[PDB]
**Student:** 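Right, I'll just put the structure down here and ask away after.
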Amino acid sequence: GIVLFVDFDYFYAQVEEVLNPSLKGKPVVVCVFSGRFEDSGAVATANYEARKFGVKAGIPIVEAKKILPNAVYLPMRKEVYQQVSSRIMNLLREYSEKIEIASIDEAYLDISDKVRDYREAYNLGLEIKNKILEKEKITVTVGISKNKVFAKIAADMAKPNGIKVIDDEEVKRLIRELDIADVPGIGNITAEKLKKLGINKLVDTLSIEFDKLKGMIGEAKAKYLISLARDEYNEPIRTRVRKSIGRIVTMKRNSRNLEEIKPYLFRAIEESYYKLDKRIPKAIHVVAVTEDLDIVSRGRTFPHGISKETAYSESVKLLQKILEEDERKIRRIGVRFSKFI
DNA sequence: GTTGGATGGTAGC
DNA sequence: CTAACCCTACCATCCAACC
Ligand SMILES: Nc1nc2c(ncn2[C@H]2C[C@H](O)[C@@H](COP(=O)(O)OP(=O)(O)OP(=O)(O)O)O2)c(=O)[nH]1
Ligand SMILES: [Ca+2]
Ligand SMILES: [Ca+2]
Ligand SMILES: [Ca+2]
């Protein structure tokens, strides 16, 4: 069982570089401008030139301009990156039909039937990197291992423009030696709980009682972590089926005023419903980000598919329910559809 | 006990 | 307006319905 993983390098900014080659070699920051004030919003991503100075995903645009005023700031053009991505996903399809598109910039290939061993896998990695480079001028990082998790870790260890194999023996080693915080699915909350327990390595999860581990991090995470330490993790590559689709937007200013919010909600519904594309949802959720960045939601599941009109009426009601039950002003409003027929 | 709906937490993009 | 966007996957917990 061999898995090949592809993660595109500094994706959004790299795409801007390919569109505009004069940008290459200098700092580029791709931004989400919220319109609340001059330069309000956050960085979506930046090239390596900009990361050298601390500019990266998630920081505020003004914070990036403070620490890097002369960089090139461009607005996130989501659709453009999606088009480049799709073309790249189709190139990858010509290498294995058995492909899991896992996000805007990454995919898993099961190549067990394409190659005999890690060596040939490494070589396909080379051919894949070159082809994506011929056709789209985009550099990627390849990770190759026995499963999804270690193929992801391998690519993380090689970024940028790298390729890395983690073979059966280094999986053993990594189980004993890799900091557990570095395992995909282990964020800052789980990391801290593990530290208190004195669980630092995957191997450590085999020397603690399940109930005690499950009591701290929850069942599924405990199962997942143990499965990896036992080297019995084998989740198959599966065709990507979206479970929810939606849209969220930032308001000019914070409001508790239904009439001042409505236009944004409706903008989010039109865009959401368009992205459904023949998919018919049975659930709608209105999502509100409050003044203090708390995420709050109200939803409804129908026994039947929701029409655009039903979505219009229900989300207004659902918004009012948020206003009824939470006293805070709202800052971002959106809508999410799930449970596709 | 099972399934699943409402809502929130965590994670990573 | 004074920093904090976009999008999706998955799970936990608190309850209700089933039977
Ligand atoms: N709006 C927004 N977009 C994000 C965020 N994080 C990532 N993205 C988008 C932009 C990225 O280019 C793309 C892929 O995310 P990655 O984590 O793989 O980062 P990226 O490819 O830019 O860096 P890479 O060289 O792996 O390190 O997803 C975020 O916090 N907000
Ligand atoms: Ca990625
Ligand atoms: Ca990437
Ligand atoms: Ca981590």
Side-chain angles (χ1 to χ4, degrees), chain A residues 7-8 10-12 29-45 56-67 75-79 81-82 85 100-107 148-149 152-153 155-156 181-193 214-224 235 238 240-255 268 271-272 275 282-303 318 321-322 325-326 329 331-340:
Chain A
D7 196 323
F8 313 155
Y10 62 108
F11 186 49
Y12 289 7
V29 179
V30 175
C31 304
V32 190
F33 294 99
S34 50
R36 312 173 91 222
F37 56 89
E38 171 188 348
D39 278 332
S40 82
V43 176
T45 196
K56 43 153 209 299
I59 71 167
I61 295 162
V62 287
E63 189 168 286
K65 277 176 193 256
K66 207 224 301 167
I67 67 192
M76 182 184 69
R77 296 192 287 168
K78 187 53 174 300
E79 314 88 299
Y81 323 135
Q82 188 57 73
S85 189
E100 182 177 327
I101 294 154
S103 76
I104 187 68
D105 87 323
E106 75 209 307
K148 287 198 273 181
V149 178
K152 207 198 224 184
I153 297 157
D156 292 344
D182 284 3
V183 185
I186 308 301
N188 294 142
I189 309 306
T190 317
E192 299 318 289
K193 287 169 170 184
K214 167 179 179 285
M216 218 61 37
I217 67 167
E219 199 187 334
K221 270 183 175 82
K223 287 264 265 288
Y224 165 80
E235 291 295 284
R238 31 187 72 204
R240 174 81 173 278
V241 179
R242 280 134 153 88
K243 274 146 196 48
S244 68
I245 279 161
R247 172 81 174 151
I248 190 182
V249 298
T250 309
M251 289 181 268
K252 223 62 70 54
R253 69 213 184 101
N254 316 275
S255 187
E271 295 168 335
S272 287
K275 284 165 172 127
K282 289 193 263 78
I284 183 179
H285 292 261
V286 169
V287 180
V289 173
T290 61
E291 285 187 272
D292 52 31
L293 313 172
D294 223 26
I295 298 175
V296 146
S297 82
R298 287 310 185 273
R300 187 174 174 185
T301 295
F302 289 83
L318 287 172
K321 201 185 146 158
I322 289 171
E325 307 177 344
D326 195 318
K329 302 184 161 199
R331 179 191 172 100
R332 294 173 70 230
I333 190 78
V335 63
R336 179 153 295 269
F337 298 98
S338 58
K339 299 190 187 144
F340 306 130

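By convention in this document, chain letters (A, B, ...) are assigned in the order of the sequence lines, proteins followed by strands, and residues within each chain are numbered from 1.
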**Student:** How about NZ on A:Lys282, more than 12 heavy atoms from neighbouring residues, nucleotides or ligands closer than 6.0 Å, or not?
**Tutor:**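 For A:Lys282, atom NZ is crowded (more than 12 foreign heavy atoms under 6.0 Å).
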**Student:** Can a donor-acceptor pair be found, under 3.5 Å and without considering hydrogens, that links the side chain of A:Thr45 to the backbone of A:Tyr10?
**Tutor:**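 A pair under 3.5 Å: no.
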**Student:** Closest to the A:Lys152 side chain: B:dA6, C:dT2, B:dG12?
**Tutor:**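 Nearest listed nucleotide: B:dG12.
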**Student:** Want to settle it: does A:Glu38 or A:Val289 sit nearer the 5' end of DNA chain C, counting the closest nucleotide to each?
**Tutor:**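 Nearest-nucleotide comparison on DNA chain C picks A:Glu38.
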**Student:** Compare side-chain N and O positions of A:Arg331 against OP1 and OP2 of C:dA4 and report whether any pair is under 4.0 Å apart.
**Tutor:**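 It does, given that an N or O in the side chain of A:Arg331 lies less than 4.0 Å from OP1 or OP2 of C:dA4.
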**Student:** Can you work out whether A:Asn254 or A:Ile248 has the more 5'-proximal nearest nucleotide on DNA chain C?
**Tutor:**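 Result of the comparison: A:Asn254.
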**Student:** In this structure, are over 12 heavy atoms from other groups packed under 6.0 Å from A:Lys214 atom NZ?
**Tutor:**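 No, NZ of A:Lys214 has 12 or fewer neighbouring heavy atoms, counting only those of other groups under 6.0 Å.
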**Student:** Without decimals, in angstroms, what is the distance between A:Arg247 CZ and C:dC5 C1'?
**Tutor:**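 Going from A:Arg247 (CZ) to C:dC5 (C1'), I get 10 Å.
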**Student:** Between A:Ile104 and A:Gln82, which heavy-atom pair has the shortest distance, and what is it?
**Tutor:**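 Closest pair (atom of A:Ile104, atom of A:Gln82, distance): CD1-OE1, 3.1 Å.
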**Student:** Mind checking if A:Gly334 touches a base, just sugar-phosphate, or nothing, with heavy atoms under 4.0 Å?
**Tutor:**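 Answer is nothing: A:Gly334 stays at 4.0 Å or more from every strand.
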**Student:** Please determine, by modelled atom types, if A:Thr190 and A:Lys221 share a side-chain donor-acceptor pair under 3.5 angstrom.
**Tutor:**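 No, because no side-chain N or O of A:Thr190 sits under 3.5 Å from a partner of the opposite role on A:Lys221.
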**Student:** Please report the distance, rounded to the nearest Å, between CD1 in A:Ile295 and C1' in B:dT10.
**Tutor:**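 Taking atom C1' of B:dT10 as the reference, CD1 of A:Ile295 is at 11 Å.
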**Student:** Look at all strands and tell whether A:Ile59 reaches a base, only sugar-phosphate, or nothing, counting heavy atoms closer than 4.0 Å.
**Tutor:**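 Answer is nothing: A:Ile59 stays at 4.0 Å or more from every strand.
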**Student:** Nearest of C:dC6, C:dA4, C:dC7 to any side-chain atom of A:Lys78?
**Tutor:**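 Closest nucleotide to the A:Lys78 side chain: C:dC7.
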**Student:** Within the 4.0 Å limit for protein heavy atoms, which parts of nucleotides 9-19 of chain C are touched? Write it as a string from 5' to 3', B for base, S for sugar-phosphate only, - for none.
**Tutor:** SSSS-------
**Student:** Could you tell me whether A:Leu293 contacts a base, only the sugar-phosphate backbone, or nothing, with contacts defined as non-hydrogen atoms closer than 4.0 Å?
**Tutor:**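 Answer is base: heavy atoms of A:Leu293 come under 4.0 Å of a base.
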**Student:** Other residues, nucleotides and ligands only: do more than 12 of their heavy atoms fall within 6.0 Å of CZ on A:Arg240?
**Tutor:**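 Yes, CZ of A:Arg240 has more than 12 neighbouring heavy atoms, counting only those of other groups under 6.0 Å.
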